[PDB]
Amino acid sequence: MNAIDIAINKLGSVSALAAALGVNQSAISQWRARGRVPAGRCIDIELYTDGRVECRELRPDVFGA
């Protein structure tokens, strides 16, 4: 059980989830098996896992500036 997984359950699929997150179906599978998402995406997943499971993303590595 993780945020990425519960967001699959909530939206009903990984194709729906990945379309919403702006990634591919494979990226979701990596993130779920990784147990975390890249910087700036957990926000959306945490909408779908709001009171089910607390979500966490990585902090900015390269980012910019």
# chains A, B, ... in the order shown; residues from 1 in each chain; ligands from 1
$ residues_around --residues "residue A:60" --least-positions-apart "3" --cutoff "10 Å" --atoms "only C-alpha atoms" --output "ChimeraX atom specification"
/A:38-40,57,63-64
$ select_by_dssp --residues "chain A" --states "helix (DSSP H, G or I)" --output "ChimeraX atom specification"
/A:3-11,14-21,25-34,42-48
$ atom_distance --atom1 "atom CA of residue A:55" --atom2 "atom CA of residue A:7"
10.0 Å
$ residues_around --residues "stretch 15-28 of chain A" --least-positions-apart "4" --cutoff "8 Å" --atoms "only C-alpha atoms" --output "VMD selection string"
chain A and resid 4 7 to 8 11 32 41 44 to 45
$ decode --residues "stretch 6-40 of chain A" --atoms "N, CA and C atoms" --output "PDB file, in the first residue's frame"
ATOM      1  N   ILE A   6      -2.934   3.767  -4.255  1.00  0.00           N
ATOM      2  CA  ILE A   6      -4.274   4.185  -3.802  1.00  0.00           C
ATOM      3  C   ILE A   6      -4.891   5.193  -4.790  1.00  0.00           C
ATOM      4  N   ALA A   7      -4.027   5.949  -5.481  1.00  0.00           N
ATOM      5  CA  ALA A   7      -4.446   6.875  -6.545  1.00  0.00           C
ATOM      6  C   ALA A   7      -4.873   6.113  -7.819  1.00  0.00           C
ATOM      7  N   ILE A   8      -4.241   4.940  -8.075  1.00  0.00           N
ATOM      8  CA  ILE A   8      -4.677   4.007  -9.150  1.00  0.00           C
ATOM      9  C   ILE A   8      -6.098   3.510  -8.844  1.00  0.00           C
ATOM     10  N   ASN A   9      -6.292   3.049  -7.588  1.00  0.00           N
ATOM     11  CA  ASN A   9      -7.586   2.534  -7.096  1.00  0.00           C
ATOM     12  C   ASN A   9      -8.673   3.622  -7.188  1.00  0.00           C
ATOM     13  N   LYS A  10      -8.319   4.853  -6.770  1.00  0.00           N
ATOM     14  CA  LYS A  10      -9.274   5.975  -6.674  1.00  0.00           C
ATOM     15  C   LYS A  10      -9.749   6.367  -8.075  1.00  0.00           C
ATOM     16  N   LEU A  11      -8.798   6.595  -8.999  1.00  0.00           N
ATOM     17  CA  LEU A  11      -9.124   7.020 -10.377  1.00  0.00           C
ATOM     18  C   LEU A  11      -9.621   5.827 -11.226  1.00  0.00           C
ATOM     19  N   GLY A  12      -9.408   4.597 -10.720  1.00  0.00           N
ATOM     20  CA  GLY A  12      -9.927   3.381 -11.342  1.00  0.00           C
ATOM     21  C   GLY A  12      -8.909   2.673 -12.235  1.00  0.00           C
ATOM     22  N   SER A  13      -7.776   3.343 -12.576  1.00  0.00           N
ATOM     23  CA  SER A  13      -6.755   2.777 -13.485  1.00  0.00           C
ATOM     24  C   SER A  13      -5.467   3.615 -13.495  1.00  0.00           C
ATOM     25  N   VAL A  14      -4.413   3.020 -14.086  1.00  0.00           N
ATOM     26  CA  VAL A  14      -3.099   3.647 -14.278  1.00  0.00           C
ATOM     27  C   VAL A  14      -3.105   4.542 -15.525  1.00  0.00           C
ATOM     28  N   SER A  15      -3.943   4.209 -16.512  1.00  0.00           N
ATOM     29  CA  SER A  15      -4.090   5.011 -17.734  1.00  0.00           C
ATOM     30  C   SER A  15      -4.801   6.338 -17.409  1.00  0.00           C
ATOM     31  N   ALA A  16      -5.823   6.269 -16.533  1.00  0.00           N
ATOM     32  CA  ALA A  16      -6.494   7.468 -15.988  1.00  0.00           C
ATOM     33  C   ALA A  16      -5.525   8.271 -15.100  1.00  0.00           C
ATOM     34  N   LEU A  17      -4.781   7.550 -14.233  1.00  0.00           N
ATOM     35  CA  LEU A  17      -3.849   8.167 -13.267  1.00  0.00           C
ATOM     36  C   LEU A  17      -2.716   8.928 -13.984  1.00  0.00           C
ATOM     37  N   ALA A  18      -2.124   8.269 -14.976  1.00  0.00           N
ATOM     38  CA  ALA A  18      -0.968   8.781 -15.728  1.00  0.00           C
ATOM     39  C   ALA A  18      -1.379   9.936 -16.649  1.00  0.00           C
ATOM     40  N   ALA A  19      -2.613   9.862 -17.187  1.00  0.00           N
ATOM     41  CA  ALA A  19      -3.196  10.949 -18.001  1.00  0.00           C
ATOM     42  C   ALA A  19      -3.376  12.222 -17.149  1.00  0.00           C
ATOM     43  N   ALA A  20      -3.768  12.016 -15.877  1.00  0.00           N
ATOM     44  CA  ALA A  20      -3.990  13.098 -14.895  1.00  0.00           C
ATOM     45  C   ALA A  20      -2.651  13.702 -14.422  1.00  0.00           C
ATOM     46  N   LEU A  21      -1.655  12.830 -14.215  1.00  0.00           N
ATOM     47  CA  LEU A  21      -0.320  13.219 -13.703  1.00  0.00           C
ATOM     48  C   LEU A  21       0.600  13.743 -14.824  1.00  0.00           C
ATOM     49  N   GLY A  22       0.214  13.485 -16.085  1.00  0.00           N
ATOM     50  CA  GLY A  22       0.988  13.924 -17.253  1.00  0.00           C
ATOM     51  C   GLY A  22       2.252  13.100 -17.476  1.00  0.00           C
ATOM     52  N   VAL A  23       2.147  11.787 -17.210  1.00  0.00           N
ATOM     53  CA  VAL A  23       3.208  10.789 -17.458  1.00  0.00           C
ATOM     54  C   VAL A  23       2.613   9.583 -18.208  1.00  0.00           C
ATOM     55  N   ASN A  24       3.432   8.547 -18.487  1.00  0.00           N
ATOM     56  CA  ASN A  24       2.948   7.301 -19.123  1.00  0.00           C
ATOM     57  C   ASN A  24       2.606   6.250 -18.065  1.00  0.00           C
ATOM     58  N   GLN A  25       1.926   5.184 -18.519  1.00  0.00           N
ATOM     59  CA  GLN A  25       1.478   4.066 -17.661  1.00  0.00           C
ATOM     60  C   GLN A  25       2.663   3.385 -16.941  1.00  0.00           C
ATOM     61  N   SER A  26       3.806   3.300 -17.641  1.00  0.00           N
ATOM     62  CA  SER A  26       5.033   2.699 -17.104  1.00  0.00           C
ATOM     63  C   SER A  26       5.597   3.537 -15.945  1.00  0.00           C
ATOM     64  N   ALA A  27       5.596   4.882 -16.083  1.00  0.00           N
ATOM     65  CA  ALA A  27       6.128   5.801 -15.036  1.00  0.00           C
ATOM     66  C   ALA A  27       5.442   5.563 -13.682  1.00  0.00           C
ATOM     67  N   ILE A  28       4.119   5.363 -13.731  1.00  0.00           N
ATOM     68  CA  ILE A  28       3.293   5.059 -12.541  1.00  0.00           C
ATOM     69  C   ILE A  28       3.737   3.746 -11.875  1.00  0.00           C
ATOM     70  N   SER A  29       3.994   2.732 -12.715  1.00  0.00           N
ATOM     71  CA  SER A  29       4.423   1.400 -12.264  1.00  0.00           C
ATOM     72  C   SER A  29       5.796   1.486 -11.561  1.00  0.00           C
ATOM     73  N   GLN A  30       6.710   2.299 -12.139  1.00  0.00           N
ATOM     74  CA  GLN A  30       8.024   2.590 -11.534  1.00  0.00           C
ATOM     75  C   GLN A  30       7.837   3.294 -10.180  1.00  0.00           C
ATOM     76  N   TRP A  31       6.976   4.325 -10.135  1.00  0.00           N
ATOM     77  CA  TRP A  31       6.748   5.158  -8.924  1.00  0.00           C
ATOM     78  C   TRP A  31       6.148   4.348  -7.762  1.00  0.00           C
ATOM     79  N   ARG A  32       5.265   3.401  -8.109  1.00  0.00           N
ATOM     80  CA  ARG A  32       4.558   2.558  -7.132  1.00  0.00           C
ATOM     81  C   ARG A  32       5.546   1.553  -6.527  1.00  0.00           C
ATOM     82  N   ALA A  33       6.402   0.995  -7.397  1.00  0.00           N
ATOM     83  CA  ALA A  33       7.426   0.019  -6.991  1.00  0.00           C
ATOM     84  C   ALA A  33       8.623   0.721  -6.321  1.00  0.00           C
ATOM     85  N   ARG A  34       8.765   2.025  -6.588  1.00  0.00           N
ATOM     86  CA  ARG A  34       9.798   2.895  -6.001  1.00  0.00           C
ATOM     87  C   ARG A  34       9.381   3.328  -4.578  1.00  0.00           C
ATOM     88  N   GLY A  35       8.060   3.485  -4.394  1.00  0.00           N
ATOM     89  CA  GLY A  35       7.463   3.869  -3.109  1.00  0.00           C
ATOM     90  C   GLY A  35       7.412   5.384  -2.912  1.00  0.00           C
ATOM     91  N   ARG A  36       7.822   6.136  -3.947  1.00  0.00           N
ATOM     92  CA  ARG A  36       7.847   7.610  -3.936  1.00  0.00           C
ATOM     93  C   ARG A  36       7.748   8.113  -5.380  1.00  0.00           C
ATOM     94  N   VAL A  37       7.402   9.397  -5.533  1.00  0.00           N
ATOM     95  CA  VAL A  37       7.349  10.073  -6.848  1.00  0.00           C
ATOM     96  C   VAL A  37       8.416  11.187  -6.919  1.00  0.00           C
ATOM     97  N   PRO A  38       8.856  11.583  -8.159  1.00  0.00           N
ATOM     98  CA  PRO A  38       9.691  12.792  -8.398  1.00  0.00           C
ATOM     99  C   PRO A  38       9.098  14.096  -7.814  1.00  0.00           C
ATOM    100  N   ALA A  39       9.963  15.115  -7.707  1.00  0.00           N
ATOM    101  CA  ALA A  39       9.629  16.411  -7.111  1.00  0.00           C
ATOM    102  C   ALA A  39       8.518  17.144  -7.902  1.00  0.00           C
ATOM    103  N   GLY A  40       7.397  17.434  -7.224  1.00  0.00           N
ATOM    104  CA  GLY A  40       6.261  18.142  -7.811  1.00  0.00           C
ATOM    105  C   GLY A  40       5.328  17.200  -8.568  1.00  0.00           C
TER     106      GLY A  40
END
